[PDB]
Amino acid sequence: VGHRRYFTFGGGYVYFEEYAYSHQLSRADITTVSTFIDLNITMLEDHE
Amino acid sequence: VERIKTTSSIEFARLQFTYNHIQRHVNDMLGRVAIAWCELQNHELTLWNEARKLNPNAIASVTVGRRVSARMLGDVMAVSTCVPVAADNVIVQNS
Amino acid sequence: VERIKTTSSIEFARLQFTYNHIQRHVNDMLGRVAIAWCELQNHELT
């Protein structure tokens with residue numbers, strides 16, 4: 001009971017509830033956390 | 001026709017050469033570092049995918065920022081914030 | 001009252017500008033690299 005799962009499908013997700021297809025979703029419809037460590041490396045600007 | 005006036009100091013040109021050399025080299029090396037960092041993150045996304053399946057709590061907490069409790073609904077994580085409890089209000093039973 | 005003596009070479013000032021620019025930029029980028037490395041280690045502890 002309480003079964004509800006998202007599965008990756010194409011470029012988006014497919015959402016099932018209680019072992020019955022419910023509907024598709026895009027990637028944008030889900031808040032995205034990040035496992036990435038930012039590194040904002042800029043460059044020595046040109047100087048004359 | 002005209003006559004050309006030449007500055008008596010060339011230090012602008014040598015300074016330009018020094019700065020250009022340093023700028024080019026530092027920019028090259030930093031570009032390589034940035035690209036390597038990018039590839040490393042895109043590369044460790046796999047470890048992060050396959051660690052969250054072991055215990056979603058730690059991965060979700062360290063990822064979101066808070067101290068949350070999570071489980072996996074297939075290919076996504078469902079989260080919920082955890083309520084703090086003061087340290088002095090705990091008892092460990094002996095046995 | 002007094003009179004001010006001016007050096008005939010400005011290359012100290014331009015050298016100072018070049019070195020300051022390079023120092024500032026390299027220090028900024030290396031600080032970012034160090035902070036990213038720190039965060040990566042604290043992140044892979046999991």
# chains A, B, ... in the order shown; residues from 1 in each chain; ligands from 1
call {"tool": "interface_residues", "arguments": {"of": "chain A", "to": "chain C", "cutoff": "10 Å", "atoms": "only C-alpha atoms", "output": "mmCIF file with N, CA and C atoms, in the first residue's frame"}}
result
data_model
loop_
_atom_site.group_PDB
_atom_site.id
_atom_site.type_symbol
_atom_site.label_atom_id
_atom_site.label_comp_id
_atom_site.auth_asym_id
_atom_site.auth_seq_id
_atom_site.Cartn_x
_atom_site.Cartn_y
_atom_site.Cartn_z
ATOM 1 N N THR A 35 24.823 17.588 -6.864
ATOM 2 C CA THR A 35 25.970 16.928 -6.255
ATOM 3 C C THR A 35 27.279 17.484 -6.781
ATOM 4 N N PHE A 36 27.268 18.716 -7.266
ATOM 5 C CA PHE A 36 28.416 19.300 -7.934
ATOM 6 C C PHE A 36 29.042 20.365 -7.053
ATOM 7 N N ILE A 37 30.363 20.421 -7.061
ATOM 8 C CA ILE A 37 31.107 21.443 -6.345
ATOM 9 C C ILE A 37 31.470 22.522 -7.350
ATOM 10 N N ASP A 38 30.918 23.713 -7.164
ATOM 11 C CA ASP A 38 31.132 24.789 -8.114
ATOM 12 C C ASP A 38 32.581 25.252 -8.091
ATOM 13 N N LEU A 39 33.082 25.616 -9.267
ATOM 14 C CA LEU A 39 34.432 26.156 -9.419
ATOM 15 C C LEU A 39 34.354 27.235 -10.494
ATOM 16 N N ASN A 40 34.148 28.480 -10.066
ATOM 17 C CA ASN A 40 33.944 29.590 -10.993
ATOM 18 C C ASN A 40 35.297 30.199 -11.337
ATOM 19 N N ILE A 41 36.043 29.488 -12.171
ATOM 20 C CA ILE A 41 37.367 29.937 -12.587
ATOM 21 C C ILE A 41 37.212 30.918 -13.740
ATOM 22 N N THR A 42 37.617 32.164 -13.522
ATOM 23 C CA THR A 42 37.645 33.138 -14.599
ATOM 24 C C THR A 42 39.039 33.144 -15.218
ATOM 25 N N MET A 43 39.309 34.117 -16.077
ATOM 26 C CA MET A 43 40.553 34.161 -16.822
ATOM 27 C C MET A 43 41.223 35.510 -16.629
ATOM 28 N N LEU A 44 42.550 35.518 -16.717
ATOM 29 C CA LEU A 44 43.283 36.773 -16.739
ATOM 30 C C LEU A 44 42.783 37.630 -17.885
ATOM 31 N N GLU A 45 42.173 38.767 -17.575
ATOM 32 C CA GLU A 45 41.657 39.618 -18.632
ATOM 33 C C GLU A 45 42.801 40.144 -19.482
ATOM 34 N N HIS A 47 45.104 42.782 -21.126
ATOM 35 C CA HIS A 47 45.515 44.117 -20.743
ATOM 36 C C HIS A 47 46.517 44.641 -21.752
#
call {"tool": "interface_residues", "arguments": {"of": "chain B", "to": "chain A", "cutoff": "12 Å", "atoms": "only C-alpha atoms", "output": "number ranges by chain"}}
result
B: 12-49, 51-52, 59-66, 71-79
call {"tool": "write_last_selection", "arguments": {"atoms": "C-alpha atoms", "output": "PDB file, in the first residue's frame"}}
result
ATOM      1  CA  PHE B  12      55.719  49.382 -22.426  1.00  0.00           C
ATOM      2  CA  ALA B  13      56.511  46.743 -25.039  1.00  0.00           C
ATOM      3  CA  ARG B  14      58.479  44.469 -22.722  1.00  0.00           C
ATOM      4  CA  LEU B  15      55.785  44.858 -20.085  1.00  0.00           C
ATOM      5  CA  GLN B  16      53.216  43.921 -22.703  1.00  0.00           C
ATOM      6  CA  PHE B  17      55.248  40.851 -23.619  1.00  0.00           C
ATOM      7  CA  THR B  18      55.638  39.755 -19.997  1.00  0.00           C
ATOM      8  CA  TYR B  19      51.982  40.290 -19.195  1.00  0.00           C
ATOM      9  CA  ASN B  20      50.878  38.572 -22.389  1.00  0.00           C
ATOM     10  CA  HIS B  21      53.047  35.541 -21.699  1.00  0.00           C
ATOM     11  CA  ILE B  22      51.817  35.245 -18.127  1.00  0.00           C
ATOM     12  CA  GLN B  23      48.199  35.841 -19.115  1.00  0.00           C
ATOM     13  CA  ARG B  24      48.312  33.251 -21.872  1.00  0.00           C
ATOM     14  CA  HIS B  25      49.923  30.594 -19.719  1.00  0.00           C
ATOM     15  CA  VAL B  26      47.808  31.162 -16.618  1.00  0.00           C
ATOM     16  CA  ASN B  27      44.646  31.272 -18.712  1.00  0.00           C
ATOM     17  CA  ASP B  28      45.604  28.024 -20.426  1.00  0.00           C
ATOM     18  CA  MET B  29      46.324  26.229 -17.164  1.00  0.00           C
ATOM     19  CA  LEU B  30      43.185  27.539 -15.478  1.00  0.00           C
ATOM     20  CA  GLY B  31      41.089  26.519 -18.461  1.00  0.00           C
ATOM     21  CA  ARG B  32      42.513  23.028 -18.145  1.00  0.00           C
ATOM     22  CA  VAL B  33      41.774  23.011 -14.416  1.00  0.00           C
ATOM     23  CA  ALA B  34      38.197  24.156 -14.983  1.00  0.00           C
ATOM     24  CA  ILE B  35      37.602  21.569 -17.697  1.00  0.00           C
ATOM     25  CA  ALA B  36      39.057  18.831 -15.507  1.00  0.00           C
ATOM     26  CA  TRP B  37      36.861  19.922 -12.603  1.00  0.00           C
ATOM     27  CA  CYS B  38      33.797  19.858 -14.832  1.00  0.00           C
ATOM     28  CA  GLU B  39      34.639  16.391 -16.093  1.00  0.00           C
ATOM     29  CA  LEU B  40      35.282  15.179 -12.555  1.00  0.00           C
ATOM     30  CA  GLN B  41      31.849  16.317 -11.417  1.00  0.00           C
ATOM     31  CA  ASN B  42      30.095  14.863 -14.455  1.00  0.00           C
ATOM     32  CA  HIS B  43      32.091  11.712 -13.711  1.00  0.00           C
ATOM     33  CA  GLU B  44      31.246  11.414 -10.011  1.00  0.00           C
ATOM     34  CA  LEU B  45      27.561  11.898 -10.653  1.00  0.00           C
ATOM     35  CA  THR B  46      27.608   8.120 -11.116  1.00  0.00           C
ATOM     36  CA  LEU B  47      29.021   7.507  -7.643  1.00  0.00           C
ATOM     37  CA  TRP B  48      26.409   9.860  -6.264  1.00  0.00           C
ATOM     38  CA  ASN B  49      23.657   7.983  -8.100  1.00  0.00           C
ATOM     39  CA  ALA B  51      25.428   5.884  -3.184  1.00  0.00           C
ATOM     40  CA  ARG B  52      21.976   7.368  -2.695  1.00  0.00           C
ATOM     41  CA  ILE B  59      23.066  11.806   0.615  1.00  0.00           C
ATOM     42  CA  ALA B  60      19.855  13.822   0.684  1.00  0.00           C
ATOM     43  CA  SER B  61      20.922  15.747   3.781  1.00  0.00           C
ATOM     44  CA  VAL B  62      24.367  16.605   2.449  1.00  0.00           C
ATOM     45  CA  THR B  63      22.865  17.528  -0.909  1.00  0.00           C
ATOM     46  CA  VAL B  64      19.867  19.683   0.022  1.00  0.00           C
ATOM     47  CA  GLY B  65      21.754  21.515   2.756  1.00  0.00           C
ATOM     48  CA  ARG B  66      19.446  20.872   5.688  1.00  0.00           C
ATOM     49  CA  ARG B  71      13.503   7.759   0.661  1.00  0.00           C
ATOM     50  CA  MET B  72      13.528   6.721  -2.979  1.00  0.00           C
ATOM     51  CA  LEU B  73      10.337   6.538  -5.056  1.00  0.00           C
ATOM     52  CA  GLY B  74      11.946   4.836  -8.016  1.00  0.00           C
ATOM     53  CA  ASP B  75      14.152   7.401  -9.733  1.00  0.00           C
ATOM     54  CA  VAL B  76      13.467  10.354  -7.416  1.00  0.00           C
ATOM     55  CA  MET B  77      13.961  11.196  -3.757  1.00  0.00           C
ATOM     56  CA  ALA B  78      11.094  12.188  -1.481  1.00  0.00           C
ATOM     57  CA  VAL B  79      12.289  14.331   1.413  1.00  0.00           C
TER      58      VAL B  79
END
call {"tool": "atom_distance", "arguments": {"atom1": "CA of residue 14 in chain C", "atom2": "CA of residue 11 in chain B"}}
result
8.8 Å
call {"tool": "atom_distance", "arguments": {"atom1": "CA of residue 1 in chain A", "atom2": "CA of residue 54 in chain B"}}
result
22.6 Å
call {"tool": "select_by_dssp", "arguments": {"residues": "chain B", "states": "alpha helix (DSSP H)", "output": "ChimeraX atom specification"}}
result
/B:11-51,56-64
call {"tool": "select_by_dssp", "arguments": {"residues": "chain B", "states": "strand (DSSP E or B)", "output": "PyMOL selection string"}}
result
chain B and resi 68-72+74+77-81
call {"tool": "atom_distance", "arguments": {"atom1": "CA of residue 24 in chain A", "atom2": "CA of residue 70 in chain B"}}
result
22.6 Å
